[PDB]
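Mind the numbering: the sequence shown is residues 1 to 370, 1026 to 1080, 1089 to 1153 in the entry's author numbering, read in order.
The C-beta atom is built at its ideal place from N, Cα and C for all residues, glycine as well.
Structure first, then comments.
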Amino acid sequence: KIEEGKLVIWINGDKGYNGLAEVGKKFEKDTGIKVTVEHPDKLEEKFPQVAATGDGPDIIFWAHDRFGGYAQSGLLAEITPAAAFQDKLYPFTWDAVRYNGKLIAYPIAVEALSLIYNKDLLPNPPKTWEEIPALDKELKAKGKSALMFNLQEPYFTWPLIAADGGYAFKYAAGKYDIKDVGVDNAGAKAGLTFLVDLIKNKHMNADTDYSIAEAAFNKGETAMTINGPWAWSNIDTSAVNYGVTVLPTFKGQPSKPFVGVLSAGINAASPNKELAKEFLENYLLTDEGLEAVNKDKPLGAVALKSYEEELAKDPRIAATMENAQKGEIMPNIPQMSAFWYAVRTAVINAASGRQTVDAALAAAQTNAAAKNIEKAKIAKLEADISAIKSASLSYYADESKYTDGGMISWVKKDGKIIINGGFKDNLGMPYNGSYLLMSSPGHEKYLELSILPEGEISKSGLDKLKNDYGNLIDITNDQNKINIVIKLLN
């Protein structure tokens, strides 16, 4: 497994490993424990594999959104920072490294999209999205465009869509509700419509991707663009007088970009959790520690309050932090994968005019939430089946039969359950259909529960019921009233 008495650290190759190695030198100097900083490739997928076998690095640096999945697999240890140390970091950064109720990583850096503008073409960037059309008409008269940014990835268009109410997953009490997606709400409809209106009025092109927008801004063809700190170096080699500021507002509300928090997690299988904690809290997450890493590679905005005030001297870094505070922490749950494809398809379909804004977002809401909504409905259906079996078994232990009276029927009328003018002996009934229990007086091995669910169940849903009860289910009548029968006894 992992050798005791040392620290193995994984970080991406674009992060400051030479400066991080210097922090390890000062740590070895003061403690005698050697620290090796390696930056191998494909570590975001190498870690969950290798750590499942109880191996890997002691500390892993990566964006916070993948750590929630790691925590679900039990690959990350719970960190124990004192309240005194937590106050050294911005409070909202601690929310990016939370799964369930526990802290599972140290926040390091903070990144978000910002508005990048050409100071020669536009010395005063606009504060609102609504004034960009008139700015484009004024700039097109001189052969320039107002704004070009990547429309192919929902990461870049989401700040406008979410500004008026859109959200990925509802965050309630440290937990994300994977059944609640805010893609088809009124706010997302307003944001996407304004984006589509910009395209239909020839202010932007629906085929604009990352490379086309970056090339146009670097050659001084467009006055503005939307990008993150990773693109600054390509603008510096272009030498165009550019600035970085807060994203424009939409309907009086700020744009809400997804916030990415570079985080350091401790391997649950590491025998050096105290060493990792000591290194991260009192060596890396200091003014000297972050400066050494930043001298090797700029971190952008950082979660440490004391050092962020120093980095904020760069107005580009100050703008990145400002847009991040006004944005939404990117959910760290693996259900975001279905969110990305759903929104990506909706934006592309609406931008090219293949669907209406309502039809694109209605499909995306389905593409992002329907499978998780059905998973809950199926589990509640199985909860009723186990409850009916439990109550039927409790009748045997005290009486001498199952149903007693021949048949029992549950049918859901208008909000309540009824047993039809005759009581026998709380079931949510997620599909509002009908339950019916079959048993003839005699024997001890003949219980048959038949269900007539209302609504509809996908093929992936019915197959979930075939993977749980084996051959104990015979699904008939796939048209009109579907029928599910289960033998509650083995």
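Inset, instruction - Count the C-beta pairs between the region 60 to 80 and the region 248 to 267 that are closer than 8 Å, then say yes if the count reaches three, no if not. - result: Using a C-beta cut-off of 8 Å, the region 60 to 80 makes contact with the region 248 to 267, since at least three inter-stretch Cβ pairs fall below that distance.
Inset, instruction - Consult DSSP for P154 and reduce its assignment to one of helix, strand or coil. - result: Here residue 154 refers to the residue found at position 154 when the sequence shown is read from its first residue. Three-state DSSP puts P154 in a helix.
Legend entry - Contact between the region 280 to 300 and the region 187 to 195 (3+ Cβ pairs under 8 Å): Verdict: no, contact absent.
Inset, instruction - Mind checking which residues open and close the alpha helix (DSSP H) that includes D287? - result: Mapped onto the sequence shown, residue 287 falls at position 287. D287 to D296 is the span of the alpha helix (DSSP H), which, as asked, contains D287.
Inset, instruction - Kindly identify the DSSP beta-bridge partner or partners of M336. - result: Within the sequence shown, the letter at position 336 stands for residue 336. According to DSSP, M336 bridges with nothing at all.
Inset, instruction - From the DSSP output, in three-state form, read off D1141 for me. - result: As a working mapping, residue 1141 is identified with position 478 in the sequence shown. Coil, per DSSP.
Inset, instruction - Hey, could you find the ends of the beta strand (DSSP E) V110 is sitting in? - result: To locate residue 110, count along the sequence shown from 1; it is residue 110. From DSSP, the beta strand (DSSP E) with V110 extends over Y106 to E111.
Legend entry - Sequence-distant residues of its chain with Cβ nearer than 6 Å to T128 (five each side left out): Translated into the one-based positions of the sequence shown, residue 128 becomes position 128. So the list reads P248 and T249, once near-sequence residues are dropped.
Legend entry - Residue closest to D1137, alpha-carbon to alpha-carbon, out of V1148, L1128 and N1130: Mapped onto the sequence shown, residue 1137 falls at position 474. Out of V1148, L1128 and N1130, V1148 has the C-alpha closest to the C-alpha of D1137.
Inset, instruction - Going by DSSP, name the residue or residues bridged to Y171. - result: In the sequence shown, residue 171 corresponds to position 171, counting from 1. BP columns for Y171 point to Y176.
Legend entry - Coil, strand or helix - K1067 by DSSP: Numbered from 1 along the sequence shown, position 412 holds the residue referred to as residue 1067. Here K1067 sits in strand by DSSP.
Legend entry - Completely contained alpha helix (DSSP H) runs for the region 304 to 366, where each covers 4 or more residues: As far as the region 304 to 366 is concerned, its whole alpha helix (DSSP H) runs of at least 4 residues are 305 to 311, 315 to 325 and 336 to 351.
Legend entry - Of the residues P40, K1032, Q253 and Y167, the one placed nearest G13, counting alpha carbons only: The residue given as residue 13 occupies position 13 in the sequence shown. When only C-alpha atoms are compared, the closest one is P40.
Inset, instruction - Tell me whether the beta-carbon of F27 lies closer than 8 Å to the beta-carbon of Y283. - result: On the sequence shown, position 27 is the one that residue 27 refers to. On the sequence shown, position 283 is the one that residue 283 refers to. Contact flag set, yes.
Legend entry - Contact set for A1031: own chain, Cβ-Cβ below 8 Å, skip 5 residues either direction: Stepping through the sequence shown from its first residue, residue 1031 is reached at position 376. Within the same chain, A1031 has close Cβ partners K179 and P1093.
Inset, instruction - Please specify which runs of the alpha helix (DSSP H), each continuous and at least 4 residues long, are wholly inside the region 207 to 242, giving them in chain order. - result: Listed in chain order, they are 210 to 218 and 232 to 236.
Legend entry - Sub-8 Å separation of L135 and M204 beta-carbons: Translated into positions along the sequence shown, residue 135 becomes position 135. Translated into positions along the sequence shown, residue 204 becomes position 204. 8 Å or more divides the Cβ of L135 from the Cβ of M204.
Inset, instruction - List the whole-angstrom C-beta distance separating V259 from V110, where the pair is believed to meet the contact cut-off of C-beta under 8 Å. - result: Residue numbering aside, residue 259 sits at position 259 when the sequence shown is read from its first letter. Residue numbering aside, residue 110 sits at position 110 when the sequence shown is read from its first letter. Yes, they are in contact, since the Cβ atoms of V259 and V110 sit about 7 Å apart, within 8 Å.
Legend entry - Outcome for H64 when other beta-carbon atoms lying within 10 angstroms are tallied against a minimum of 16: Position 64 of the sequence shown, counted from the first residue, corresponds to residue 64. Buried: at least 16 other Cβ atoms inside 10 Å.
Legend entry - Three-state class that DSSP yields for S263 in the structure shown: Taking the sequence shown and counting its residues from 1, one reaches residue 263 at position 263. In the structure shown, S263 sits in a strand (DSSP, three-state: E or B).
Inset, instruction - Determine the contact status of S1113 and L1090, defining contact as a CB-CB distance below 8 Å. - result: Residue 1113 sits at position 450 when you count from the first residue of the sequence shown. Residue 1090 sits at position 427 when you count from the first residue of the sequence shown. No, these two residues do not count as a Cβ contact at 8 Å.
Inset, instruction - Label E328 either buried or exposed according to how many other C-beta atoms from any shown protein chain fall within 10 Å of its C-beta, with 16 as the threshold for buried. - result: To locate residue 328, count along the sequence shown from 1; it is residue 328. Flag for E328 reads buried.
Legend entry - Three-state class that DSSP yields for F250 in the structure shown: Numbered from 1 along the sequence shown, position 250 holds the residue referred to as residue 250. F250: strand per DSSP, three-state reduction.
Inset, instruction - Enumerate in chain order the residues of its own chain whose CB-to-CB distance from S352 is below 8 Å, with the five nearest sequence positions on each side excluded. - result: The residue given as residue 352 occupies position 352 in the sequence shown. For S352, where only same-chain residues beyond five positions count, the Cβ hits under 8 Å are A206.
Inset, instruction - Report the partner residues of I1149 according to the DSSP bridge assignment. - result: Taking the sequence shown and counting its residues from 1, one reaches residue 1149 at position 486. According to the DSSP secondary-structure assignment, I1149 is paired through a beta bridge with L1112 and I1136.
Inset, instruction - Kindly indicate which three-state DSSP category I79 falls into: helix, strand or coil? - result: Taking the first residue of the sequence shown as position 1, residue 79 is located at position 79. In this structure, DSSP gives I79 a state outside helix and strand, which the three-state scheme calls coil.
Legend entry - Inter-residue spacing [alpha-carbon to alpha-carbon] between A360 and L160: If you number the sequence shown from 1, residue 360 lands on position 360. If you number the sequence shown from 1, residue 160 lands on position 160. Going from the Cα of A360 to the Cα of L160 covers about 16 Å.
Legend entry - Where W230 falls, given that 16 or more other Cβ within 10 Å makes a residue buried: Residue mapping note: residue 230 aligns to position 230 of the sequence shown, counting from 1. Burial check for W230: the Cβ neighbour count within 10 Å stays below 16, so the residue is exposed.
Legend entry - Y1057, enclosing beta strand (DSSP E) - first and last residue: Taking the sequence shown and counting its residues from 1, one reaches residue 1057 at position 402. DSSP places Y1057 outside any beta strand (DSSP E), giving it a letter other than H or E.
Inset, instruction - Leaving aside the five residues before and after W10 along the sequence, list all residues of the same chain whose C-beta is less than 6 Å from its C-beta, in chain order. - result: Sequence index remark: in the sequence shown, residue 10 carries index 10 (1-based). Excluding residues within five positions, the ones whose Cβ falls inside 6 Å are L43, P57 and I60.
Legend entry - Closest Cα partner of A276 within the set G19, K34, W232 and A318: Translated into the one-based positions of the sequence shown, residue 276 becomes position 276. Per the C-alpha coordinates, the member of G19, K34, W232 and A318 positioned closest to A276 is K34.
Inset, instruction - With a cut-off of 8 Å on the beta carbons, I'd call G191 and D164 a contact; round off their distance for me. - result: For the purposes of this step, residue 191 is taken as residue 191 along the sequence shown, with counting starting at 1. For the purposes of this step, residue 164 is taken as residue 164 along the sequence shown, with counting starting at 1. The pair is a contact, with the Cβ atoms about 5 Å apart (cut-off 8 Å).
Legend entry - Segment contact flag, the region 339 to 353 with the region 320 to 327, C-beta cutoff 8 Å, min 3 pairs: By the C-beta criterion, the region 339 to 353 is judged not to be in contact with the region 320 to 327, since fewer than 3 inter-stretch pairs fall below 8 Å.
Inset, instruction - State the start and end residues of the unbroken beta strand (DSSP E) segment that holds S114. - result: Within the sequence shown, the letter at position 114 stands for residue 114. Residues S114 to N118.
Legend entry - Nearest-angstrom beta carbon gap, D55 and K88 [assumed within contact, 8 Å]: As a working mapping, residue 88 is identified with position 88 in the sequence shown. As a working mapping, residue 55 is identified with position 55 in the sequence shown. Actually they do not touch by this definition, with Cβ atoms about 32 Å apart.
Legend entry - Assigned secondary structure, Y1098 (DSSP; H/G/I helix, E/B strand, else coil): One-based indexing of the sequence shown puts residue 1098 at position 435. DSSP places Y1098 in strand when its eight states are reduced to three.
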